[PDB]
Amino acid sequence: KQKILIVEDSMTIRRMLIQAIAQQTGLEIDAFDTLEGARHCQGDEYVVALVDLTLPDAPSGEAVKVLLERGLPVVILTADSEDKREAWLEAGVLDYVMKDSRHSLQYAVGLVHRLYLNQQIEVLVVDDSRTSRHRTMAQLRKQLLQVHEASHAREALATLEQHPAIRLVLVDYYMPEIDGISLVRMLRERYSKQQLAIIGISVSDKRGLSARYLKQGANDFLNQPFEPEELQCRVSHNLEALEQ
(Lines of atoms letter the chains of each structure in order from A and count residues from 1; the text may use other names and numbers.)
(Lines give C-alpha, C1' and ligand atoms only; values in the text may rest on other atoms or scores of the structure.)
Protein backbone atom coordinates (compact mmCIF):
# COMPACT_ATOMS: atom_id res chain seq x y z
CA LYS A 1 0.00 0.00 0.00
CA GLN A 2 1.24 3.46 -0.96
CA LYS A 3 -1.26 6.03 0.34
CA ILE A 4 -2.01 7.92 3.58
CA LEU A 5 -5.50 8.92 4.67
CA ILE A 6 -6.16 12.03 6.81
CA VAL A 7 -9.56 12.76 8.30
CA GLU A 8 -9.36 16.13 10.08
CA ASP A 9 -11.67 19.13 9.86
CA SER A 10 -9.15 21.79 10.89
CA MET A 11 -7.99 23.48 7.70
CA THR A 12 -4.76 24.49 9.40
CA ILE A 13 -3.86 21.04 10.75
CA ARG A 14 -4.92 19.23 7.61
CA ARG A 15 -2.78 21.58 5.49
CA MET A 16 0.22 21.28 7.83
CA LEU A 17 0.06 17.48 7.65
CA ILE A 18 -0.39 17.32 3.88
CA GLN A 19 2.54 19.69 3.32
CA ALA A 20 4.87 17.93 5.74
CA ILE A 21 4.13 14.35 4.71
CA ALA A 22 4.38 15.38 1.04
CA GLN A 23 7.75 17.15 1.48
CA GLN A 24 9.36 14.49 3.64
CA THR A 25 7.94 11.25 2.20
CA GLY A 26 6.54 11.81 -1.27
CA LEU A 27 3.61 9.53 -0.40
CA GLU A 28 0.16 10.06 -1.91
CA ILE A 29 -2.29 11.57 0.59
CA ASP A 30 -6.06 11.72 0.49
CA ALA A 31 -7.47 14.20 3.03
CA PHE A 32 -11.08 14.85 4.08
CA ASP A 33 -12.79 17.22 6.48
CA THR A 34 -15.59 14.74 7.40
CA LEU A 35 -15.85 11.02 8.00
CA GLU A 36 -18.42 10.92 5.18
CA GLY A 37 -15.87 12.31 2.69
CA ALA A 38 -13.78 9.21 3.42
CA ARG A 39 -16.59 6.74 2.75
CA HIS A 40 -14.78 5.14 -0.22
CA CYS A 41 -11.53 4.71 1.71
CA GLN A 42 -10.63 1.07 2.21
CA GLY A 43 -7.99 -0.89 4.14
CA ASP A 44 -6.47 -2.31 0.95
CA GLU A 45 -5.42 1.11 -0.41
CA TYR A 46 -4.10 2.92 2.68
CA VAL A 47 -1.09 2.34 4.90
CA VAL A 48 -2.75 4.11 7.82
CA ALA A 49 -5.32 6.79 8.56
CA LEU A 50 -4.56 9.82 10.74
CA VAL A 51 -7.95 10.35 12.39
CA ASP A 52 -9.29 13.37 14.25
CA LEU A 53 -11.62 12.67 17.21
CA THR A 54 -13.53 15.98 16.66
CA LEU A 55 -15.16 15.54 13.29
CA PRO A 56 -18.36 17.35 12.30
CA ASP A 57 -20.13 14.05 11.56
CA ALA A 58 -18.19 12.19 14.24
CA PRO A 59 -17.47 14.63 17.07
CA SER A 60 -16.63 12.05 19.77
CA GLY A 61 -14.16 9.76 18.04
CA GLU A 62 -16.72 7.63 16.07
CA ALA A 63 -14.48 7.67 12.98
CA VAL A 64 -11.94 5.47 14.80
CA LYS A 65 -14.16 2.37 15.09
CA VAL A 66 -15.57 2.91 11.60
CA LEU A 67 -12.17 2.99 9.91
CA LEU A 68 -10.68 0.15 12.00
CA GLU A 69 -13.59 -2.06 10.98
CA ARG A 70 -12.88 -1.30 7.30
CA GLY A 71 -9.35 -2.65 7.84
CA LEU A 72 -7.51 0.70 7.92
CA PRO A 73 -4.95 1.00 10.69
CA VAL A 74 -5.62 4.17 12.69
CA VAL A 75 -3.44 6.76 14.37
CA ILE A 76 -5.46 9.21 16.46
CA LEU A 77 -4.85 12.95 16.32
CA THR A 78 -5.55 14.32 19.78
CA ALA A 79 -5.51 17.62 21.67
CA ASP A 80 -5.51 16.18 25.22
CA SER A 81 -5.21 10.81 30.09
CA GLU A 82 -3.70 7.45 31.12
CA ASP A 83 -7.34 6.30 30.63
CA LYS A 84 -7.49 7.59 27.00
CA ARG A 85 -4.11 6.24 25.97
CA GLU A 86 -5.40 2.95 27.28
CA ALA A 87 -8.96 2.85 25.95
CA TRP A 88 -8.10 3.78 22.35
CA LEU A 89 -5.04 1.46 22.32
CA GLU A 90 -7.14 -1.42 23.68
CA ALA A 91 -9.55 -0.70 20.78
CA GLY A 92 -6.65 -1.45 18.40
CA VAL A 93 -5.46 2.07 17.54
CA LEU A 94 -1.76 1.95 16.52
CA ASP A 95 -0.73 5.15 18.27
CA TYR A 96 -1.70 8.72 19.04
CA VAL A 97 -0.11 11.99 17.88
CA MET A 98 -0.53 15.18 19.92
CA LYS A 99 -1.78 18.05 17.73
CA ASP A 100 -1.40 20.93 20.20
CA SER A 101 1.68 22.28 18.31
CA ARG A 102 3.32 22.11 14.95
CA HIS A 103 6.29 20.25 16.49
CA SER A 104 4.08 17.68 18.23
CA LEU A 105 2.27 17.18 14.91
CA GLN A 106 5.63 16.44 13.34
CA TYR A 107 5.64 13.07 15.22
CA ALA A 108 2.94 11.90 12.73
CA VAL A 109 5.19 12.68 9.76
CA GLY A 110 8.08 10.43 10.80
CA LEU A 111 5.54 7.86 11.95
CA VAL A 112 3.72 7.51 8.66
CA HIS A 113 7.04 7.38 6.83
CA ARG A 114 8.22 4.52 9.07
CA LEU A 115 4.88 2.66 8.81
CA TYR A 116 5.03 2.80 5.07
CA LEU A 117 8.62 1.46 4.95
CA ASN A 118 7.96 -1.21 7.61
CA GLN A 119 5.36 -3.00 5.46
CA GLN A 120 8.15 -4.69 3.50
CA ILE A 121 10.48 -5.33 6.48
CA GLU A 122 10.91 -8.63 8.26
CA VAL A 123 12.04 -8.75 11.88
CA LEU A 124 12.62 -11.49 14.44
CA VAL A 125 11.80 -11.67 18.13
CA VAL A 126 13.80 -14.20 20.21
CA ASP A 127 12.59 -14.62 23.78
CA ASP A 128 11.98 -17.71 25.91
CA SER A 129 9.16 -16.09 27.95
CA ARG A 130 5.89 -16.53 26.02
CA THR A 131 4.46 -13.49 27.89
CA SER A 132 7.34 -11.14 27.02
CA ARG A 133 7.63 -12.64 23.49
CA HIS A 134 3.97 -12.16 22.57
CA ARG A 135 3.86 -8.61 24.05
CA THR A 136 6.88 -7.53 21.98
CA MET A 137 5.48 -9.22 18.88
CA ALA A 138 2.11 -7.47 19.24
CA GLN A 139 3.84 -4.09 19.68
CA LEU A 140 6.03 -4.63 16.56
CA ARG A 141 2.93 -5.71 14.62
CA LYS A 142 1.38 -2.26 15.45
CA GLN A 143 4.46 -0.79 13.68
CA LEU A 144 3.24 -2.67 10.54
CA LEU A 145 6.32 -4.93 10.49
CA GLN A 146 6.37 -8.54 9.37
CA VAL A 147 7.25 -10.27 12.64
CA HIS A 148 8.84 -13.68 13.05
CA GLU A 149 8.81 -15.51 16.42
CA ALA A 150 11.48 -17.72 18.13
CA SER A 151 11.41 -19.17 21.68
CA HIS A 152 15.03 -20.26 21.68
CA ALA A 153 18.30 -19.39 19.87
CA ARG A 154 18.11 -22.76 18.08
CA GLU A 155 14.73 -21.75 16.65
CA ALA A 156 16.00 -18.25 15.85
CA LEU A 157 18.97 -19.62 13.91
CA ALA A 158 16.71 -21.93 11.89
CA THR A 159 14.29 -19.06 11.18
CA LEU A 160 17.12 -16.88 9.92
CA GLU A 161 18.31 -19.64 7.60
CA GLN A 162 14.82 -19.99 6.17
CA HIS A 163 14.05 -16.27 5.93
CA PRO A 164 17.19 -14.44 4.75
CA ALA A 165 15.17 -11.21 4.29
CA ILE A 166 15.02 -10.75 8.09
CA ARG A 167 17.07 -7.59 8.79
CA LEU A 168 16.58 -6.96 12.52
CA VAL A 169 16.62 -9.31 15.49
CA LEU A 170 15.54 -8.48 19.04
CA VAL A 171 17.40 -10.78 21.42
CA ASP A 172 16.41 -11.68 24.99
CA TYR A 173 19.24 -12.02 27.51
CA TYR A 174 18.57 -15.28 29.42
CA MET A 175 17.27 -18.29 27.53
CA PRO A 176 17.85 -22.05 27.84
CA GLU A 177 21.01 -23.55 26.24
CA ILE A 178 22.24 -20.44 24.39
CA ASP A 179 21.74 -17.12 26.06
CA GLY A 180 21.35 -13.80 24.27
CA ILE A 181 25.01 -12.74 24.36
CA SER A 182 25.93 -16.17 22.95
CA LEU A 183 23.41 -15.79 20.14
CA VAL A 184 24.76 -12.33 19.32
CA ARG A 185 28.26 -13.83 19.16
CA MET A 186 27.06 -16.55 16.77
CA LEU A 187 25.29 -14.09 14.54
CA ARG A 188 28.23 -11.68 14.45
CA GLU A 189 30.58 -14.49 13.42
CA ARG A 190 28.62 -14.53 10.12
CA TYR A 191 26.93 -11.14 9.73
CA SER A 192 27.99 -7.49 10.05
CA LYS A 193 25.88 -4.72 11.74
CA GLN A 194 24.82 -3.66 8.24
CA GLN A 195 23.73 -7.17 7.15
CA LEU A 196 21.77 -7.94 10.31
CA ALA A 197 20.79 -5.41 12.93
CA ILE A 198 20.60 -6.70 16.51
CA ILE A 199 18.96 -5.04 19.48
CA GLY A 200 19.90 -6.65 22.77
CA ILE A 201 17.09 -6.81 25.30
CA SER A 202 18.63 -6.02 28.63
CA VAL A 203 18.02 -4.85 32.17
CA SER A 204 19.59 -1.79 33.72
CA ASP A 205 19.33 -3.71 37.02
CA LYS A 206 22.69 -5.38 36.25
CA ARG A 207 26.43 -5.83 35.88
CA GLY A 208 26.47 -4.14 32.50
CA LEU A 209 24.50 -6.53 30.34
CA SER A 210 23.95 -3.69 27.85
CA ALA A 211 27.70 -3.06 27.62
CA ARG A 212 28.33 -6.78 26.99
CA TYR A 213 25.77 -6.80 24.13
CA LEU A 214 27.40 -3.77 22.54
CA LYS A 215 30.92 -5.09 22.93
CA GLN A 216 29.81 -8.31 21.13
CA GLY A 217 28.48 -6.27 18.23
CA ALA A 218 24.79 -5.61 18.98
CA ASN A 219 23.72 -2.41 17.24
CA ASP A 220 21.82 -1.21 20.29
CA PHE A 221 20.16 -2.09 23.58
CA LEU A 222 16.61 -1.81 24.93
CA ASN A 223 15.94 -2.22 28.64
CA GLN A 224 12.98 -4.24 29.97
CA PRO A 225 10.31 -3.42 30.86
CA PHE A 226 9.82 -1.09 27.92
CA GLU A 227 6.79 0.83 26.70
CA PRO A 228 5.58 0.66 23.10
CA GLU A 229 6.77 4.27 22.48
CA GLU A 230 10.26 3.24 23.62
CA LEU A 231 10.24 0.09 21.48
CA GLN A 232 9.12 2.18 18.45
CA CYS A 233 11.85 4.78 18.99
CA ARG A 234 14.56 2.15 19.27
CA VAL A 235 13.37 -0.08 16.43
CA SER A 236 12.77 2.85 14.08
CA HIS A 237 16.21 4.30 14.69
CA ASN A 238 17.90 0.98 13.95
CA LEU A 239 15.85 0.29 10.83
CA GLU A 240 16.63 3.81 9.67
CA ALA A 241 20.37 3.19 10.15
CA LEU A 242 20.12 0.10 7.91
CA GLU A 243 18.41 2.12 5.18
CA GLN A 244 21.23 4.74 5.33
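Numbering starts at 1 and follows the sequence shown.
The gap between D80 and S81 holds 1 to 3 unmodelled residues of the deposited sequence. Look at the mean CA B-factor for 209-217 and for 179-187 in the entry; the higher one is 209-217. Look at the C-alpha B-factors of 118-126 and of 84-92. On average they run higher in 84-92. In this structure the maximum Cα B-factor among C41, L35, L53, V48 is found at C41. In the PDB entry, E243 places in the highest third of its chain by CA B-factor. Sort the chain's modelled residues by C-alpha temperature factor and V235 lands in the lowest third, per the entry.
Per the deposited record, the Cα B-factor of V97 falls in the middle third when ranked against the other modelled residues of its chain. Annotation for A165: C-alpha temperature factor in the middle third relative to the rest of the modelled chain, per the entry. The PDB entry assigns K142 a C-alpha temperature factor belonging to the highest third of its chain's modelled residues.
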